[PDB]
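Next up: just one chain, as structure tokens, the form deposited in one PDB entry.
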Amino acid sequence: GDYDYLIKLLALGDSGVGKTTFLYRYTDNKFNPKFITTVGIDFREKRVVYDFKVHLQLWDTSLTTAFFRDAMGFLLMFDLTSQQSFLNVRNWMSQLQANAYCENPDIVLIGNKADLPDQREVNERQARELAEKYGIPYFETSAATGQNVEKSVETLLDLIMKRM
């Protein structure tokens, strides 16, 4: 423990895609909360109610902002075996840009579950184009195998190190 930079990367994408497994494979056992408190503003009032006097609280229908907080690079991720998750990239990208530190931060496009060719619904060309539309690297990965799992974070880190 004698380094020089501490930098934050965010993985974002639909449930299933392999974020949890991807990181887990890229890292190895780190079940450790970083933590703070969180607000829950709620109104209150002191009603009287004969059948007593009741005080009562009034709640209503967050952390998201706290996740994109400081995130200097993004792993935009989908499931190669799911045409649906590929389409949702359009939408994770939207709320990414809305929350990030900058309008175009550093994203690497990750197609995961590359080890399931039999179950594929997303083609190389498709992704490559979206990637280029946005103008960012693309990586076909597997959390199961390790395919490109490192190269993808590394291409990300390498990018977030362009300064001035």
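For clarity, a rigid core is taken as the largest C-alpha set superposing within 1.5 Å between two forms. Don't overthink the numbering: it's just position in the shown sequence, from 1.
There is also a form deposited in another entry; it is not shown, and the following applies to it.
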| property | result |
| --- | --- |
| Threshold 2 Å Cα movement between the shown form and the other one for residue 46, core superposed | yes |
| Shift of residue 30 between the shown form and the other one at or above 2 Å (CA, core fit) | yes |
| Pairwise C-alpha change, residue 151 versus residue 33, in that other deposited form against this form - closer or farther, 3 angstroms or more | closer |
| In that other deposited form, whether the C-alpha atoms of residue 32 and residue 24 sit closer or farther than here (change of 3 Å or more) | closer |
